[PDB]
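Visitor: Once you've had a glance at the structure underneath, I'll fire off some questions.
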Amino acid sequence: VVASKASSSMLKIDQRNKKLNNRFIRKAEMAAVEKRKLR
Amino acid sequence: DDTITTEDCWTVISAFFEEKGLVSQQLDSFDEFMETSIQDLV
Amino acid sequence: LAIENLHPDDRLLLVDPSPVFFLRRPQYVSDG
Amino acid sequence: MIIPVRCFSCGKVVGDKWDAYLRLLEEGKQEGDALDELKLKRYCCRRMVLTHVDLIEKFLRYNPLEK
Amino acid sequence: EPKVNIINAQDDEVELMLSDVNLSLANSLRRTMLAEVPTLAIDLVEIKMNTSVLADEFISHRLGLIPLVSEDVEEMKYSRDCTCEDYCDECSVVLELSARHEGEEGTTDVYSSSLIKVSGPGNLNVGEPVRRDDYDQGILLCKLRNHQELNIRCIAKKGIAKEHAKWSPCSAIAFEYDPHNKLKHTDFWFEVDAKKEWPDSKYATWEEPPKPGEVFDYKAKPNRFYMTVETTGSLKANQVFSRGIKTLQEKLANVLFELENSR
Amino acid sequence: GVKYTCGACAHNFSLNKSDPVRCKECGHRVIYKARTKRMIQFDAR
Amino acid sequence: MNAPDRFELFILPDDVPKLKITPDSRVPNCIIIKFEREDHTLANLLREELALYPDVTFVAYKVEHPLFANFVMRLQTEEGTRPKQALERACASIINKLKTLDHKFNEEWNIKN
Ligand SMILES: [Zn+2]
Ligand SMILES: [Zn+2]
Ligand SMILES: [Zn+2]
């Protein structure tokens, strides 16, 4: 393929952002559901 | 086990769209046609 | 190490002079 | 398609900060922190860089028509 | 009687305070700096070859928006006021860009630093594209892959932002007066309490908050105006301020000349 | 007299209004006219 | 297709005067001035300068349509003074104010640099 440097950088950014989203959004949702449950 | 969050549901939906796509019904119907229907009609 | 590895009392010393579920980090390739 | 030269709302030159923005995102900075580092204070200018889609990279993958 | 006080000063931005002036004068100064200070910008593009993936008018529009150095643009003439044939050295600056990708792999970026000044006014500091540093590459113009070339010749002319926004020296002019709302020029929307639902101004500490037992002063007028002028690099901030003042003076003098000539 | 360009291998050639419309070297059936020589000017606005 | 040329906002035609003054006979000592190729920038400045003069009893302006670059001013003065003289005094006063403002700005910039 011989990918460009900008495209490879964007791919690395996308992988990091996907991992960070999958952690943080799931943790926030768990905190919200436990708070709604304890009420 | 552990509970299932909304993010897990979106992971399952992502699996669905990774396997099927958005035009799977058209392609599957045409493939069924070409594979068997012409022979059966003949 | 990171903020998590910091002691909780020292974490309490970091006072602004929590993430929310509806602020996603932007992507470029998406999925599907 | 390619990063606009000026901000639509106020006209600040944002066309010289795309590669630096990608570099900062590569280093692990958050998008808001990266925009802060590039001195984009008004949210009109932050919108220009935060919501840009680089379509020229897809257009360049087709073979040239003249050689 | 008018006074000027400067808070922060930089090449590309100045934050000042105007006092003992009318609101109309400050607003007219803001409008003049936004729309009527002349600069230099590319206006005609001759395209000799363009085999990139971008349309010709796309690249021409991008070229128009590149800020050029306009320090000596006051000594230049307007193209329609020049008696010369076609374009000469006293009403235009000629720049040339030639880019190509060598090799069969990779991509080449075309930056505004690749624009080369070929001709212009003798000993005037006009025409060169603005650059923050010596190692800065400038504004991204295009991208080229193998066997794609760009070869253009541009003509920079003098103009004002009234004709097209590419000639504007400023980006945004912050403008503000009366942070504590003593003149009651605005009526604050609220749900419970207006005081704690509205953020404080950044100049709220520059003025004494009104006393609780004070009564409304109906004889007061706006007196102190805070403004920040941000430039695109084509001119320095002090140059923009001085040339705005000069442009307003020239407009007023033209009105006075028309009045005296009317007799 | 008139220049062309192949749609596949980007090869340049000429036609005399009597040859079949084909690429000389790779035999593609799709060819494109070359850009004119007249002056092209834009107003950068 | 029907868009006017952008330079028409500020370039004055050869046959169009920059300034046309007619009297307003309804009230004494009033004139109507028509400014061509001008907008709020000059109008508001002149109006709010003239409104502070003791011998000026009425001053106003209006831009009839935003698609045409012109405005019309109405000016009424006392019996002793003529409105044109008041307009000239206002122009000279604003020029002097801008001159001292520029001087003080240059002084402060030199001090702080
Ligand atoms: Zn902006
Ligand atoms: Zn000339
Ligand atoms: Zn061929």
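Chain labels follow the order of the structure tokens: the first chain is A, the next B, and so on; residue numbering restarts at 1 in every chain, and ligands are counted from 1 in their shown order.
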Among range 13-254 of chain E, which residues does DSSP mark as strand (DSSP E) when it is run on the backbone? Keep the chain and numbering as in the structure and answer as JSON, numbers by chain.
Guide: {"E": [13, 14, 15, 16, 17, 18, 19, 39, 40, 41, 42, 43, 44, 45, 46, 47, 48, 49, 50, 68, 69, 70, 93, 94, 95, 96, 97, 98, 99, 100, 108, 109, 110, 111, 116, 117, 118, 119, 126, 127, 128, 129, 140, 141, 142, 143, 144, 149, 150, 151, 152, 153, 154, 155, 156, 157, 158, 159, 170, 171, 172, 173, 174, 175, 176, 177, 224, 225, 226, 227, 228, 229, 230, 231]}
Visitor: Using only C-alpha atoms, I'd like every residue of chain A that has an atom within 9 Å of chain B; please write them out as a list in words.
Guide: residues 22, 25, 26, 29, 30 and 33 of chain A
Visitor: For chain D, which residues have at least one atom within 9 Å of chain C, if we go by only C-alpha atoms? Write them as a PyMOL selection string, please.
Guide: chain D and resi 30-31+50-51+53-54
Visitor: How about saving the chosen residues, N, CA, C and O atoms kept, as a short mmCIF file (atom, residue, chain, number, x, y, z; two decimals), in the first residue's frame?
Guide:
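Result file result.cif:
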```cif
data_model
loop_
_atom_site.label_atom_id
_atom_site.label_comp_id
_atom_site.auth_asym_id
_atom_site.auth_seq_id
_atom_site.Cartn_x
_atom_site.Cartn_y
_atom_site.Cartn_z
N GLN D 30 -4.73 15.25 24.47
CA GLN D 30 -6.15 15.31 24.16
C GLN D 30 -6.40 16.41 23.13
O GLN D 30 -5.59 17.32 22.95
N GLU D 31 -7.52 16.28 22.41
CA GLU D 31 -7.86 17.23 21.35
C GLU D 31 -8.02 18.65 21.88
O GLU D 31 -7.55 19.60 21.26
N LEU D 50 -11.25 21.00 14.64
CA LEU D 50 -11.78 19.82 15.32
C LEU D 50 -12.69 19.00 14.41
O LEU D 50 -12.77 17.78 14.56
N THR D 51 -13.37 19.64 13.46
CA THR D 51 -14.36 18.98 12.63
C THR D 51 -13.91 18.79 11.19
O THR D 51 -14.72 18.39 10.35
N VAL D 53 -12.40 17.05 7.98
CA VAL D 53 -12.16 15.71 7.44
C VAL D 53 -11.24 15.84 6.23
O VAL D 53 -11.49 16.66 5.34
N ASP D 54 -10.15 15.08 6.24
CA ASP D 54 -9.10 15.19 5.23
C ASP D 54 -9.42 14.22 4.10
O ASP D 54 -9.01 13.06 4.11
#
```
Visitor: Would you list the contacts of residue 36 in chain F as a list in words, taking every protein, DNA or RNA residue within 10 Å and counting only C-alpha atoms, but skipping same-chain residues closer than 4 positions in sequence?
Guide: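 Here the qualifying residues turn out to be residues 2, 3 and 40 of chain F.
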Visitor: Please identify all polymer residues within 9 Å of residue 12 in chain F, counting only C-alpha atoms, omitting same-chain residues fewer than 2 positions from it, and present them as number ranges by chain.
Guide: D: 66-67; F: 3-6, 10, 14, 23, 34
Visitor: At a cut-off of 12 Å, list the chain E residues touching chain F, using only C-alpha atoms, as an MDAnalysis selection string.
Guide: chainID E and resid 41:51 55:66 147 152:157 163:167
Visitor: Can I get the selection written as a tab-separated table (two decimals), in the first residue's frame, with N, CA, C and O atoms?
Guide:
```
chain	number	residue	atom	x	y	z
E	41	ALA	N	-2.86	41.36	-1.47
E	41	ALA	CA	-3.29	39.98	-1.59
E	41	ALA	C	-3.28	39.59	-3.06
E	41	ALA	O	-3.41	40.44	-3.94
E	42	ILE	N	-3.12	38.29	-3.31
E	42	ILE	CA	-3.13	37.77	-4.68
E	42	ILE	C	-4.51	37.94	-5.28
E	42	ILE	O	-5.53	37.59	-4.65
E	43	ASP	N	-4.57	38.48	-6.49
E	43	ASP	CA	-5.84	38.74	-7.15
E	43	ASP	C	-5.97	38.08	-8.51
E	43	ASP	O	-7.09	37.80	-8.92
E	44	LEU	N	-4.89	37.87	-9.25
E	44	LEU	CA	-4.96	37.18	-10.53
E	44	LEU	C	-4.01	35.99	-10.52
E	44	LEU	O	-2.87	36.09	-10.07
E	45	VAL	N	-4.49	34.85	-11.02
E	45	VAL	CA	-3.72	33.62	-11.04
E	45	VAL	C	-3.69	33.11	-12.47
E	45	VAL	O	-4.75	32.82	-13.05
E	46	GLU	N	-2.50	32.99	-13.04
E	46	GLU	CA	-2.30	32.39	-14.35
E	46	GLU	C	-1.77	30.97	-14.13
E	46	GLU	O	-0.71	30.79	-13.54
E	47	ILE	N	-2.52	29.99	-14.60
E	47	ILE	CA	-2.20	28.59	-14.36
E	47	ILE	C	-1.61	28.02	-15.65
E	47	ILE	O	-2.30	27.90	-16.66
E	48	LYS	N	-0.33	27.67	-15.60
E	48	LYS	CA	0.35	27.13	-16.77
E	48	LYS	C	0.26	25.61	-16.83
E	48	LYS	O	0.19	25.05	-17.93
E	49	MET	N	0.23	24.94	-15.68
E	49	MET	CA	-0.10	23.52	-15.62
E	49	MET	C	-0.58	23.19	-14.22
E	49	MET	O	-0.04	23.70	-13.23
E	50	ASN	N	-1.60	22.34	-14.14
E	50	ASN	CA	-2.15	21.90	-12.86
E	50	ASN	C	-2.69	20.49	-13.07
E	50	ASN	O	-3.79	20.32	-13.61
E	51	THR	N	-1.92	19.49	-12.66
E	51	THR	CA	-2.34	18.09	-12.76
E	51	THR	C	-2.62	17.47	-11.40
E	51	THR	O	-2.59	16.25	-11.27
E	55	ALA	N	-9.28	21.29	-8.09
E	55	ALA	CA	-9.72	22.13	-9.19
E	55	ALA	C	-8.94	23.44	-9.22
E	55	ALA	O	-8.35	23.86	-8.22
E	56	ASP	N	-8.92	24.06	-10.39
E	56	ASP	CA	-8.15	25.29	-10.59
E	56	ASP	C	-8.67	26.43	-9.74
E	56	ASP	O	-7.89	27.17	-9.12
E	57	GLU	N	-10.00	26.61	-9.69
E	57	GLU	CA	-10.57	27.69	-8.89
E	57	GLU	C	-10.45	27.41	-7.40
E	57	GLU	O	-10.39	28.36	-6.61
E	58	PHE	N	-10.41	26.14	-7.00
E	58	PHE	CA	-10.13	25.77	-5.62
E	58	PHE	C	-8.76	26.30	-5.18
E	58	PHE	O	-8.64	26.98	-4.14
E	59	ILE	N	-7.73	26.03	-5.98
E	59	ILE	CA	-6.38	26.48	-5.68
E	59	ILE	C	-6.30	28.00	-5.76
E	59	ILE	O	-5.59	28.63	-4.97
E	60	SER	N	-7.01	28.61	-6.71
E	60	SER	CA	-7.01	30.07	-6.82
E	60	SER	C	-7.62	30.73	-5.59
E	60	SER	O	-7.09	31.73	-5.09
E	61	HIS	N	-8.73	30.18	-5.09
E	61	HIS	CA	-9.34	30.67	-3.86
E	61	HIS	C	-8.40	30.52	-2.68
E	61	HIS	O	-8.30	31.43	-1.84
E	62	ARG	N	-7.73	29.37	-2.56
E	62	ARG	CA	-6.76	29.18	-1.48
E	62	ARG	C	-5.61	30.18	-1.58
E	62	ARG	O	-5.14	30.69	-0.55
E	63	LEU	N	-5.13	30.45	-2.79
E	63	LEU	CA	-4.05	31.42	-2.99
E	63	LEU	C	-4.47	32.83	-2.61
E	63	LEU	O	-3.66	33.60	-2.10
E	64	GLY	N	-5.72	33.20	-2.91
E	64	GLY	CA	-6.21	34.52	-2.54
E	64	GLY	C	-6.17	34.79	-1.05
E	64	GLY	O	-5.97	35.93	-0.63
E	65	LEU	N	-6.36	33.76	-0.23
E	65	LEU	CA	-6.46	33.90	1.21
E	65	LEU	C	-5.11	33.88	1.93
E	65	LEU	O	-5.09	33.93	3.17
E	66	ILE	N	-4.00	33.80	1.21
E	66	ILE	CA	-2.68	33.77	1.85
E	66	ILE	C	-2.27	35.19	2.21
E	66	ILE	O	-2.25	36.06	1.33
E	147	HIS	N	4.13	12.18	-10.66
E	147	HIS	CA	3.76	12.69	-11.98
E	147	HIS	C	2.73	13.81	-11.92
E	147	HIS	O	2.12	14.14	-12.94
E	152	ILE	N	2.21	27.86	-11.47
E	152	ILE	CA	1.30	29.00	-11.49
E	152	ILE	C	2.11	30.30	-11.40
E	152	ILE	O	3.26	30.31	-10.99
E	153	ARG	N	1.46	31.39	-11.81
E	153	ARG	CA	2.03	32.72	-11.70
E	153	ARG	C	0.95	33.64	-11.16
E	153	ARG	O	-0.09	33.82	-11.79
E	154	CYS	N	1.20	34.23	-9.99
E	154	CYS	CA	0.20	35.01	-9.28
E	154	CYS	C	0.55	36.49	-9.31
E	154	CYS	O	1.72	36.87	-9.40
E	155	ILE	N	-0.48	37.32	-9.23
E	155	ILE	CA	-0.33	38.77	-9.24
E	155	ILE	C	-1.02	39.32	-8.00
E	155	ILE	O	-2.23	39.14	-7.83
E	156	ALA	N	-0.26	39.99	-7.15
E	156	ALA	CA	-0.77	40.55	-5.91
E	156	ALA	C	-1.09	42.02	-6.10
E	156	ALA	O	-0.26	42.78	-6.61
E	157	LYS	N	-2.29	42.42	-5.69
E	157	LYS	CA	-2.75	43.79	-5.85
E	157	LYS	C	-3.23	44.34	-4.51
E	157	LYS	O	-3.44	43.60	-3.54
E	163	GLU	N	-14.18	44.96	-0.63
E	163	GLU	CA	-14.29	44.27	-1.91
E	163	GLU	C	-14.26	42.76	-1.73
E	163	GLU	O	-15.00	42.04	-2.41
E	164	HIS	N	-13.42	42.27	-0.83
E	164	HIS	CA	-13.30	40.84	-0.56
E	164	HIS	C	-12.55	40.67	0.75
E	164	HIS	O	-11.61	41.41	1.03
E	165	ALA	N	-12.97	39.68	1.54
E	165	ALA	CA	-12.44	39.48	2.89
E	165	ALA	C	-10.98	39.05	2.92
E	165	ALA	O	-10.38	39.04	4.00
E	166	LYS	N	-10.40	38.68	1.77
E	166	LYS	CA	-8.99	38.32	1.72
E	166	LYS	C	-8.06	39.50	1.98
E	166	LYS	O	-6.89	39.29	2.30
E	167	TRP	N	-8.56	40.73	1.86
E	167	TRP	CA	-7.76	41.93	2.08
E	167	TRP	C	-7.88	42.46	3.50
E	167	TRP	O	-7.40	43.57	3.77
```
Visitor: Just need the residues of chain A within 9 Å of chain E, counting only C-alpha atoms, so spit them out as a list in words.
Guide: residues 2, 3, 4 and 5 of chain A
Visitor: Go ahead and write the selection's residues with N, CA, C and O atoms as a CSV table (one decimal), in the first residue's frame.
Guide:
```
chain,number,residue,atom,x,y,z
A,2,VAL,N,1.9,1.3,0.8
A,2,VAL,CA,2.8,2.4,1.0
A,2,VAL,C,1.9,3.6,1.5
A,2,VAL,O,1.6,4.5,0.8
A,3,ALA,N,1.5,3.4,2.8
A,3,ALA,CA,0.6,4.4,3.4
A,3,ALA,C,1.3,5.7,3.7
A,3,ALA,O,2.5,5.7,4.0
A,4,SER,N,0.6,6.8,3.6
A,4,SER,CA,1.2,8.1,4.0
A,4,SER,C,1.5,8.2,5.5
A,4,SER,O,0.9,7.5,6.3
A,5,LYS,N,2.3,9.1,5.8
A,5,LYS,CA,2.7,9.3,7.2
A,5,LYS,C,1.5,9.9,8.0
A,5,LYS,O,1.2,9.5,9.2
```
Visitor: Excluding residue 3 in chain D and residues on its chain fewer than 2 positions from it, collect all residues at most 7 Å away from it, counting only C-alpha atoms, and give them as JSON, numbers by chain.
Guide: {"D": [1, 5, 15, 52]}
Visitor: Atoms to include: N, CA and C atoms. Write the selected residues as an mmCIF file, in the first residue's frame.
Guide:
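Once everything was written out, this is again_26.cif:
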```
data_model
loop_
_atom_site.group_PDB
_atom_site.id
_atom_site.type_symbol
_atom_site.label_atom_id
_atom_site.label_comp_id
_atom_site.auth_asym_id
_atom_site.auth_seq_id
_atom_site.Cartn_x
_atom_site.Cartn_y
_atom_site.Cartn_z
ATOM 1 N N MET D 1 -12.037 18.534 2.542
ATOM 2 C CA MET D 1 -11.141 18.066 1.493
ATOM 3 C C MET D 1 -9.698 18.304 1.899
ATOM 4 N N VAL D 5 -7.779 27.655 4.758
ATOM 5 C CA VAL D 5 -6.727 28.608 5.096
ATOM 6 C C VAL D 5 -7.151 29.483 6.269
ATOM 7 N N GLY D 15 -4.675 27.411 8.560
ATOM 8 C CA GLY D 15 -4.153 26.483 7.582
ATOM 9 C C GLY D 15 -2.717 26.079 7.770
ATOM 10 N N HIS D 52 -12.656 19.062 10.872
ATOM 11 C CA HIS D 52 -12.177 18.910 9.508
ATOM 12 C C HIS D 52 -11.957 17.442 9.170
#
```
Visitor: Give the residue list for ligand 2 at 6 Å, counting only C-alpha atoms and all ligand atoms, as a PDB file with C-alpha atoms, in the first residue's frame, sorted by chain and then by residue number.
Guide:
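part.pdb, freshly written:
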```pdb
ATOM      1  CA  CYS E  82      -2.385  53.280 -12.515  1.00  0.00           C
ATOM      2  CA  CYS E  84       0.383  51.790 -16.978  1.00  0.00           C
ATOM      3  CA  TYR E  87       0.431  45.389 -14.744  1.00  0.00           C
ATOM      4  CA  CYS E  88       3.617  47.241 -13.812  1.00  0.00           C
ATOM      5  CA  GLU E  90       4.143  50.271  -9.180  1.00  0.00           C
ATOM      6  CA  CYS E  91       0.716  48.623  -8.836  1.00  0.00           C
TER       7      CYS E  91
END
```
Visitor: Give the residues close to ligand 3, within 9 Å, counting only C-alpha atoms and all ligand atoms; write them as a list in words.
Guide: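 Residues satisfying the distance criterion: residues 5, 6, 7, 8, 9, 10, 11, 12, 22, 23, 24, 25, 26, 27, 28, 29, 30 and 31 of chain F.
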Visitor: What residues in chain A have any atom no more than 8 Å from chain C when counting only C-alpha atoms, and can you write them as a list in words?
Guide: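 Every residue meeting the condition is included here: residues 10, 11, 13, 14, 17, 18, 21, 24, 25, 26, 28 and 29 of chain A.
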